[PDB]
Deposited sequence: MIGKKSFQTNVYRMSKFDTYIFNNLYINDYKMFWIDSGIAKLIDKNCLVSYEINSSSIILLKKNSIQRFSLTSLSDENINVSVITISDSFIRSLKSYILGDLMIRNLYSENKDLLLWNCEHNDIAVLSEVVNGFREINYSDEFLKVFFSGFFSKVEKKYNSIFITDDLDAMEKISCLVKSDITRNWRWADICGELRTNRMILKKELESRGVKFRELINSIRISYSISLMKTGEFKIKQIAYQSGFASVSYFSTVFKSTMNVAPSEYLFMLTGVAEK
């Protein structure tokens, strides 16, 4: 209920490429073996990562990056998606750090942490096997402390404040994903003018249509993760005008066809 997990198979020397990928919830991912090369197109940095490198992706960010396998065997990429309800339960564990965190910047959307033995073991277990599950207290302490040391390393906010304008925009769109959203609706619903709100899109490198489409793709991904497989139904449930429009945007965003992503999940 707190963590949704996926393990993707990555073939030798394959490359996954994401363009305008909207991060609907906080995510963490890492490879289980070998080496990979992560290229972050938004900041123009590359990382060689190994099985202890954790990549954290901030909620409401718009990602542009590739991941290239450098191993001659299959690599498994584990992905934890953290529920909003679990994040909210961390509020008391970092509130005391308000003075500390108000000094941090808010720009970085993709963060790396090189793990010690104990930390990668816990994260693997979340994705896996224990007869007695970690307690709620253990998990809240582990993840608040983990995010805290990542934030300190970068002097940067990872867990964004509840009042952020991008969260207001995204939450509104996600409340009625098929609505024929236009900028005026956002300004009207948030009672905030365009001069203020537009920086949320500008700083993320998207125009309005690209933003709405990106949120709709991540909705379709969520539907597929629940076991929906009827491509036409998925396209319409997610607010696309047609299957062809859905497929075109999905291909641009994920660099694979919807049918191929379904196979990565269920095949």
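- Gaps between the deposited sequence and the modelled structure occur at positions 1-4, 133, 273-276.
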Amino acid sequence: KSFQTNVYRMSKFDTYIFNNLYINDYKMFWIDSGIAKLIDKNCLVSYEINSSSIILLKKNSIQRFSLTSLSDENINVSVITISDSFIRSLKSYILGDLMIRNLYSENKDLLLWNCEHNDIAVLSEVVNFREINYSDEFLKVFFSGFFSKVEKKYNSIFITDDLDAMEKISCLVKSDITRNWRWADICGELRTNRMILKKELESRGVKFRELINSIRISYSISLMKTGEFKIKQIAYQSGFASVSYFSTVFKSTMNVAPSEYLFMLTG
From here on, numbers count along this sequence of modelled residues.
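- Legend: mean Cα B-factor per stretch from the PDB entry, 12-20 versus 255-263; the higher mean is in 12-20.
- Relative to one another, 47-55 and 219-227 have unequal mean CA B-factors, and 47-55 is the one with the higher figure.
- Out of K41, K207, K232, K27, it is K41 whose C-alpha atom has the highest B-factor in the PDB entry.
- Of the candidates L110, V141, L95, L172, the deposited coordinates give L95 the top C-alpha B factor.
- Ranked within its chain, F147 lands in the middle third, by CA B factor from the PDB record.
- When all modelled residues of the chain are sorted by CA temperature factor, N60 is found within the lowest third.
- Residue-level temperature factors show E125 in the highest third of its chain, judged at the C-alpha atom.
- In the deposited entry, the Cα temperature factor of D84 sits in the middle third of values across the chain's modelled residues.
- In the PDB entry, a CA B factor belonging to the highest third of its chain's modelled residues is recorded for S69.
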